[PDB]
Amino acid sequence: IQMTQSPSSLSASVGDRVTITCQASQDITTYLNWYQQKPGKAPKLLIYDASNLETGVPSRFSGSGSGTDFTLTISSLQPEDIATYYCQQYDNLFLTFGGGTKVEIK
Amino acid sequence: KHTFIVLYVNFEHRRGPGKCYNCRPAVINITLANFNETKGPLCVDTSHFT
Amino acid sequence: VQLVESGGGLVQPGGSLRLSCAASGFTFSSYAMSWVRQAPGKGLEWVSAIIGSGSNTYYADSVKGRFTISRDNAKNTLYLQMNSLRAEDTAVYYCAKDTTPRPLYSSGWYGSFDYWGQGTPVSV
Ligand SMILES: *[C@@H]1O[C@H](CO)[C@@H](O[C@@H]2O[C@H](CO)[C@@H](O[C@@H]3O[C@H](CO)[C@@H](O)[C@H](O)[C@@H]3O)[C@H](O)[C@H]2NC(C)=O)[C@H](O)[C@H]1NC(C)=O
Ligand SMILES: *[C@@H]1O[C@H](CO)[C@@H](O)[C@H](O)[C@H]1NC(C)=O
């Protein structure tokens with residue numbers, strides 16, 4: 001199993017409604033989760049089961065998808081959101097990470 | 001002789017328009033390996049089992 | 001819930017290392033934990049995983065047959081047995097905790113990691 005994240009990099013300004021997607025290449029149904037990666041730091045969990053907001057994360061994040069496609073949306077970009085993002089599946093014990101993506105300031 | 005009494009439990013939420021999570025699960029998998037109701041209960045007959 | 005690692009350094013290819021990661025602030029035996037490394041300029045690649053009871057171990061294909069994963073529930077510690085390190089293993093390693101608590105008598109699924117440690121890079 002392999003997953004592709006598109007786009008690899010994009011730039012946006014404060015308040016932009018950034019939308020990002022990653023493809024699973026197989027029927028994953030709902031076993032997907034999103035992560036936060038501020039470079040120079042270890043990752044953190046953002047959304048699990050592709051739709052649940054973790055208790056330690058602000059409500060400005062949302063996600064949806066099923067089957068083979070999956071999407072992550074940011075309601076409004078804030079100055080600390082500039083960091084690497086990652087999607088990873090758990091429909092198989094040999095779990096894999098996505099191709100990676102980076103958001104940039106503008 | 002060794003007999004393995006393996007119990008498998010699996011359940012999931014009903015796929016549909018509602019992405020509810022705190023609700024009770026709707027579909028239930030419970031199996032007992034070679035258990036088969038028409039044949040009767042699975043009784044261990046070997047000296048050792050787990 | 002704090003995670004701290006150790007064992008970073010430089011060794012000639014073909015040697016062995018004893019990586020470690022200590023955990024505290026939660027019931028150690030109730031959560032599966034995994035090792036993952038990030039190569040310089042690349043993303044995250046999974047190394048190995050283990051169940052809370054330590055009865056089952058998992059490895060990726062590129063990692064298969066090369067290293068051994070172990071854990072000690074008495075001391076709340078994680079160990080990774082580095083063996084025959086190739087040049088492509090030069091990266092930074094992270095120990096993570098699975099979010100689902102499972103009974104000690106149960107072998108179950110994992111995947112939704114929530115807490116991570118500081119990290120420990122290695123060179124070969
Ligand atoms: C309810 O859950 C049980 C869990 O046991 C499911 O049974 C499992 O079904 C799959 C698909 O048929 C089996 O996988 C394949 O089975 C053959 C058997 O010879 C094996 O050669 C393949 O390598 C592969 O494992 C699986 O083994 C089987 N497990 C058992 C213990 O029977 C069942 O399908 C589930 N049903 C529903 C409706 O969710
Ligand atoms: C096992 O149970 C099925 C029903 O699920 C029954 O039709 C079948 O005959 C049983 N198997 C044997 C080998 O008797």
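No value in this document is a laboratory result; all are computed from the given coordinates. Cβ: placed from backbone, ideal geometry, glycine included. Neighbour counts: every protein chain shown.
Which of the residues that make up region B:2-50 are among the aromatic types (F, W, Y) and assigned to a strand (DSSP E or B)? Break it down into steps so the answer makes sense when it comes.
Pass one, region B:2-50, residues among the aromatic types (F, W, Y): B:4, B:8, B:11, B:21, B:35, B:49.
Residues satisfying the conditions are B:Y8, B:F11, B:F49.
Since C:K97 meets every condition but one in (1) among the basic types (K, R); (2) within 28 Å of A:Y31 (Cβ to Cβ); (3) outside any strand (DSSP E or B), which condition does it not meet?
(3)
Look at region B:1-35 and say how many of its residues are surrounded by fewer than 10 Cβ atoms within 10 Å (Cβ to Cβ), within 16 Å of ligand 2 (Cβ to nearest atom) and more than 30 Å from A:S64 (Cβ to Cβ).
Looking only at that region, the number is 1.
From the list C:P101, C:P121, exactly one residue is closer than 19 Å to A:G56 by Cα, away from every other protein chain (no Cβ under 11 Å) and surrounded by fewer than 19 Cβ atoms within 10 Å (Cβ to Cβ). Which is it?
Numbers: C:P121 fails: closer than 19 Å to A:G56 by Cα.
Matching residue, one of C:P101, C:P121: C:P101.
Under 8 Å by Cβ, and 6 or more places apart or on different chains, what pairs join a residue from region B:24-46 that is within 19 Å of B:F4 (Cα to Cα) with one that is away from ligand 1 (no atom under 13 Å from the Cβ) and of a type in the set (D, E, K, R)?
B:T46/B:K1
Quick one: would you say A:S64 is away from chain C (no Cβ under 14 Å), under 17 Å from C:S112 (Cα atoms) and under 14 Å from the mean Cα position of the chain (by Cα)? Don't jump to the end; show me each part of the working.
On the way: away from chain C (no Cβ under 14 Å): yes; under 17 Å from C:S112 (Cα atoms): yes; under 14 Å from the mean Cα position of the chain (by Cα): yes.
Here the answer is yes, as A:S64 does meet what is asked.
Go through region C:58-71 and count every residue that is within 11 Å of chain A (Cβ to nearest Cβ) and either farther than 30 Å from A:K102 by Cα or in contact with a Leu (Cβ under 7 Å, 6 or more places away or on another chain) (or both).
Qualifying residue count, region C:58-71: 2.
Search region A:61-90 for residues being of a type in the set (D, E) and surrounded by fewer than 17 Cβ atoms within 10 Å (Cβ to Cβ), and hand back the single one that is nearest to A:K44 (Cα to Cα). Full working, then the answer.
Going through region A:61-90, the residues of a type in the set (D, E) turn out to be A:69, A:80-81.
Adding the requirement that they be surrounded by fewer than 17 Cβ atoms within 10 Å (Cβ to Cβ) leaves A:69, A:80.
Working: A:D69: 22, A:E80: 14 Å.
Per the criteria, the residue is A:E80.
Answer yes or no: is there a residue in region C:35-47 that is more than 14 Å from chain A (Cβ to nearest Cβ) and not acidic (D, E).
Step one: list which residues in region C:35-47 are more than 14 Å from chain A (Cβ to nearest Cβ), which gives none.
Taking every residue of region C:35-47 in turn, none turns out to be more than 14 Å from chain A (Cβ to nearest Cβ) and not acidic (D, E).
I'd like to verify a number: residues in region A:24-48 that are more than 8 Å from chain C (Cβ to nearest Cβ), in a loop (DSSP other than H, G, I, E, B) and out of contact with any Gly (no Cβ under 9 Å at 6 or more places or on another chain), how many?
Within region A:24-48, residues that are more than 8 Å from chain C (Cβ to nearest Cβ), in a loop (DSSP other than H, G, I, E, B) and out of contact with any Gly (no Cβ under 9 Å at 6 or more places or on another chain) number 5.
Kindly list, by first and then second residue, each pair from a residue in region A:82-106 that is free of Cβ contacts under 8 Å to residues at least 60 places away in the same chain to a residue that is of a type in the set (K, R), limited to pairs with Cβ atoms under 9 Å and residues at least 6 apart or on different chains.
A:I82/A:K38; A:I82/A:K102; A:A83/A:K38; A:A83/A:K41; A:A83/A:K102; A:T84/A:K38; A:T84/A:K102
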